[PDB]
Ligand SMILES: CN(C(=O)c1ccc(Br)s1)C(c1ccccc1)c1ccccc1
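The chain below stands alone and is given as structure tokens, in the form solved without the named molecule.
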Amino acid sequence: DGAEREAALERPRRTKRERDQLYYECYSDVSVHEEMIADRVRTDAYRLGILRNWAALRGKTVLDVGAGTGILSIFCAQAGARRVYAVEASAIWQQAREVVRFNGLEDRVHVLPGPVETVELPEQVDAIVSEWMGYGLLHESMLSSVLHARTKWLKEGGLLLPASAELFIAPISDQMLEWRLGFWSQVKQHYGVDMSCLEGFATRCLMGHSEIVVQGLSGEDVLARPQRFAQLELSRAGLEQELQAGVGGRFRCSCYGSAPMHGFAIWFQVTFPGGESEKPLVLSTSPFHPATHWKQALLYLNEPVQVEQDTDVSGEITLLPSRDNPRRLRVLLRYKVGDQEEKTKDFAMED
């Protein structure tokens, strides 16, 4: 009976074990870590966000959830933490242990292999640090691992770095996309063959799909005031279950001027608590702000729509785990542009 109930869960439990393992394997190679650490905005935001809380970290214990090469854990030790548990489920944990030793910090930072969900710490911790954010914030679905660790291991009143997240959406015009669509009408001048009749085909291929595209934009690509559509306070009880139901909200905005609208961009920021005198540090992935390796996540309409000053853009957006793969971000979008009817598009993160 007890045994029968356990046997019934065995297949789903195993399948998840196996999907988790393939997810962690994405972090076994050097390139993703090179990219993360070359991202100075990301990495310095963590460095400074940690340093700013030095008075609260001095002599205290820290859990680094998903420590990777160990860099954030070493920041915490440099801020005066007495002990840091650097938990890492990917094989990169070996490189983290080497980095820790190479910096003479093997007494301060202990690298523990395996998922944070099952790791055994000697004690509860005074603080948790984690870089858990995926494309569109929630791709990878790592946030639930951080919350799991918090619930199990963070002391009452303990510190979370960062502490909260916000999501934003705006209508956009993608200049690179615009050039790719217009390419076919330029072939005649380059080569003497008129291929302008392929613009429709190009549009279907490049906009008619349902993949979320990771692409970096600039401020001038934004066609209306960005709208916050979600706020995640990481200490909030039951946030774990909300993630499974969907994160999102409704939006409305009004366009700045004339432009070919290609869709929407979403992006996020996270906030580190300020420390004693110090001010709250915001790590932003906005097109208005210095570029990061997250870029923005683009949600293309089926085809362009021309907008004008004060064209109204509204809708609803929800971020979900995808059906076949929980670690793949899915976006359900409802939107209405100007006097067009309301439309629906269901996206999944590109491979």
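One rule holds for the numbers: they count along the sequence shown, beginning at 1.
Chemist: Mean CA temperature factor from the deposited coordinates, higher in 183-191 or in 198-206?
Modeler: Here the higher of the two C-alpha B-factor means belongs to 183-191.
Chemist: Read off the CA B-factors in the entry, average them over 320-328 and over 30-38, and name the higher stretch.
Modeler: That would be 320-328.
Chemist: Kindly indicate the residue among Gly134, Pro171, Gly104, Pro162 with the greatest C-alpha B-factor in the PDB record.
Modeler: In the PDB entry, the greatest C-alpha B-factor among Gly134, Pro171, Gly104, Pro162 is found at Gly104.
Chemist: Can you tell me which of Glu211, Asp126, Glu117, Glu276 has the maximum CA B-factor listed in the PDB entry?
Modeler: In this record, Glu276 carries the highest C-alpha B-factor of the candidates.
Chemist: Hey, what third does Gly49 fall into on Cα B-factor, ranked over its chain?
Modeler: Middle third - that is where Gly49 ends up once the chain's C-alpha B-factors are sorted.
Chemist: Select lowest, middle or highest to describe the third in which the CA B-factor of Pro260 falls within its chain in this entry.
Modeler: Highest third.
Chemist: Hey, what third does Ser254 fall into on Cα B-factor, ranked over its chain?
Modeler: Highest third - that is where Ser254 ends up once the chain's C-alpha B-factors are sorted.
Chemist: In terms of the chain's CA B-factor thirds, is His289 lowest, middle or highest?
Modeler: It falls in the middle third of the chain.
Chemist: If you rank every modelled residue in this chain by C-alpha B factor, which third holds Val62: lowest, middle or highest?
Modeler: For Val62, whose C-alpha B-factor we compare with every modelled residue in the chain, the answer is the middle third.
If you look for the form deposited with the named molecule bound, you will not find it shown, but the lines that follow are about it.
Chemist: Identify the site as open or blocked, taking the pose of the named molecule in the entry with it bound and overlaying it via the site C-alphas; a blocked site has 3 or more ligand atoms within 2.4 Å of a backbone or C-beta atom of the shown form.
Modeler: Blocked: when the named molecule is placed as it sits in the entry with it bound, 3 or more of its atoms come within 2.4 Å of backbone or C-beta atoms.
Chemist: Identify, from the list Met207, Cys253, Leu243, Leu160, the residue with a heavy atom within 4.5 Å of the named molecule in the entry with it bound.
Modeler: Checked against the cut-off, the match is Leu243.
Chemist: Name the single residue among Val247, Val99, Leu281, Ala79 that comes within 4.5 Å of the named molecule in the entry with it bound, judging by heavy atoms.
Modeler: Of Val247, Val99, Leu281, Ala79, the residue with a heavy atom within 4.5 Å of the named molecule in the entry with it bound is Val247.
Chemist: Only one of these stretches, 220-228, 139-147, 199-207, 102-110, has heavy atoms within 4.5 Å of the named molecule in the entry with it bound; which one is it?
Modeler: Comparing against the named molecule in the entry with it bound, the contact stretch is 139-147.
Chemist: State yes or no: in the entry with it bound, is some non-hydrogen atom of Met261 no more than 4.5 angstroms from a non-hydrogen atom of the named molecule?
Modeler: Heavy-atom contact with the named molecule at 4.5 Å: absent for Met261.
Chemist: Quick check on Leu167: any heavy atom within 4.5 Å of the named molecule in the entry with it bound?
Modeler: Output for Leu167 is yes: heavy atoms within 4.5 Å of the named molecule.
Chemist: According to a 4.5 angstroms non-hydrogen atom cut-off, is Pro273 in contact with the named molecule in the entry with it bound?
Modeler: Output for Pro273 is no: heavy atoms all beyond 4.5 Å of the named molecule.
Chemist: Taking the named molecule as it sits in the entry with it bound, is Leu57 in contact with it (heavy atom to heavy atom, 4.5 Å or less)?
Modeler: No.
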